[PDB]
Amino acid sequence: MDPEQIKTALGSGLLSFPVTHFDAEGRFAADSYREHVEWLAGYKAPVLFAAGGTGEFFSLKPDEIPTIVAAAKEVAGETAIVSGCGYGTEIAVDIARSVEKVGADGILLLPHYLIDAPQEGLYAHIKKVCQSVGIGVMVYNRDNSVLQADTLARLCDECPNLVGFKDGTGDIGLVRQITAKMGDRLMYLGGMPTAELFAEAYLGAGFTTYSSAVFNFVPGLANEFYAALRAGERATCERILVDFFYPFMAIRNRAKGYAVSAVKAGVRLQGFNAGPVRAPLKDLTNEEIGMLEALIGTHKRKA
């Protein structure tokens, strides 16, 4: 898949970030993974982000990532596969090239590690990672890596395979400046945790799709919220927000990291053997898991 093709796919529907499955011993569980990814397939997300932040990228050994990408590819079907990438330039470049080789259709470039960095250095970092590969690249504003509109424009002019922008800052004023400035030069992806809480405002800002972490365990509900979004059916979105997403928010807000941990708890409750999180996330308590199962309720997958 060339950069323009992954670009088109990014704009053709809802985006899903599968959790990464671990056995009791914390090693990658490829059979469980594929099973979950085969099931998600039936709901026809156009792009699958393998080993994103929902997939606990920040806890993966670098040589684990190609293995997880290839597992997804086996059962993904006609779904474009994008791989997480990140860390400093030297590691990111080696990851990017490792997943290109196993057939990734693009990379999602998560922040570099630890330091706050001037816009100059950001530009220099991302330019080299983009130049390391021929596949499509999506950048990702969050935490210690926040590209300004001017800087992003420079990267776009100089790196044709840079085709997408994921936002995790919540900075409405900045992301509207970015879509105004760049136009159709980039596909714009909402990437806040529980992005449905943000989807309608982001529409207005120029974002017509987002990553839906909850699609991991209630894809039917996520597909419905998305269809309601694109059709302008505001009473339907509002109902789904009050009935499911705000109550999910309250479970998520009980501890740091639960934007990943509550999602993986939901996978397990729906009968997929996703297993535990790697430290330093912690898994939900039994009580908390009980509150989640009750919320899933009518959307339970088995008994």
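A residue's number is simply how far along the shown sequence it sits, counting from 1.
>> Using only C-alpha atoms and the B-factors in the entry, which stretch averages higher, 170-178 or 106-114?
In response: Mean B over CA atoms: larger for 170-178.
> Which is higher in the entry, the mean Cα B factor of 51-59 or that of 34-42?
Replying inline: Per the PDB entry, the higher value belongs to 34-42.
> Based on the PDB record, which member of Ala213, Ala222, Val93, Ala231 exhibits the highest Cα temperature factor?
Replying inline: The listed residue with the largest C-alpha B-factor is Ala231.
> Sorting the chain's CA B-factors, does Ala259 end up in the lowest, middle or highest third?
Replying inline: Lowest third, going by the recorded CA B-factors of the chain.
> Taking the entry's C-alpha B-factors for this chain, is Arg268 in the lowest, middle or highest third?
Replying inline: For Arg268, the deposited C-alpha B-factor lands in the middle third.
> Considering only modelled residues of the same chain, in which third does the CA B-factor of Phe198 rank: lowest, middle or highest?
Replying inline: Its C-alpha B-factor, which the entry lists for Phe198, ranks in the middle third among residues of this chain.
>> Splitting the chain's C-alpha B-factors into thirds, which one does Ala235 fall into?
In response: Ranked within chain, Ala235 CA B lands in the highest tercile.
> Comparing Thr208 with the other modelled residues of its chain, is its CA B-factor in the lowest, middle or highest third?
Replying inline: Tercile = highest for this residue's CA B-factor.
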